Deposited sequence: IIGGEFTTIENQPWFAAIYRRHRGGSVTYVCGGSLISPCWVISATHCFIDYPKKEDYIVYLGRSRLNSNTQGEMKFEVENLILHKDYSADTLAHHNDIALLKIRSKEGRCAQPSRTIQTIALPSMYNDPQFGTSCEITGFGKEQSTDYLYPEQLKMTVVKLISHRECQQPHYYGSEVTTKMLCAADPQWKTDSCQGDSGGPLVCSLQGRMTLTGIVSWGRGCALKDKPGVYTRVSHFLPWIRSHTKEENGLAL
């Protein structure tokens, strides 16, 4: 996360930290036994036995009191994935989670029901704090970005046709904060007025915190059938 602020797992209790031991990507707990993430995070090493998932963890290379460690019972990648990443969504069955103040599930959005453009949402992750950094932050971070309409993002100066209706763009009005390398798979959470909802999953972007290059997210409300038919 470029910019933003540090946080502990208490402020994003559904955040899942995935490792292969080295960090791979973030994820979100959508049910006691299920974590949702991005397929591009696993495409190179499809073997489920090579992954470790943590819940209730706020530190990258240090244990957080109360954290839970899991194995990946089933690694489900989207069959229509292609690489701008298309259908960049993945499901991991963990083995399940036990709710606590540091471990909670996040609600999924209603069918094709997303917040209006301009709405402020939050993103969370252990990704780089600066594009030029080599190291990832040891402490979890989060920031706020605003949703961009498809019309604006599909502009040639932005991403053109690289962005589809199954994707969502979000950025800072000043382009001063954004997701970055290491944040993929993490949650883009918005308030559907009354409830925190998993609106998107960190997927791709040209650079980080660059003018006219918003962060692109998998539009979760367009994948409910896939999620339900696999969970």
query	finding
Deposited-sequence stretches lacking C-alpha coordinates, listed in sequence order	21 to 26, 90 to 92, 105 to 109, 246 to 253
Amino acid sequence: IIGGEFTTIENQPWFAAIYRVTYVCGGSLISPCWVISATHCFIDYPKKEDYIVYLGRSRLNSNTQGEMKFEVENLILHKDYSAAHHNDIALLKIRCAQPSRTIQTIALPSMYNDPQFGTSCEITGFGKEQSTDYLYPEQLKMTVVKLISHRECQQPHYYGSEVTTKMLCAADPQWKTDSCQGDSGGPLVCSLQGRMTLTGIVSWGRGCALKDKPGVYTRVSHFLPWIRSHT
From here on, numbers count along this sequence of modelled residues.
property: 118 to 126 versus 145 to 153 - greater average Cα B-factor per the deposited record; result: 145 to 153
property: Mean C-alpha B-factor comparison - 41 to 49 and 176 to 184, higher one; result: 41 to 49
property: Per the PDB entry, maximal CA B factor within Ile89, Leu92, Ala84, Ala107; result: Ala84
property: CA B-factor ranking of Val163, expressed as a third of its chain; result: highest
property: Entry-reported Cα temperature factor of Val21, expressed as the chain third it lands in; result: highest
property: Chain thirds of CA B-factor: placement of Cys169; result: middle
property: Modelled-residue ranking by C-alpha temperature factor, third containing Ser203; result: lowest
property: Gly194 - which third its CA temperature factor falls in, relative to the rest of the chain; result: highest
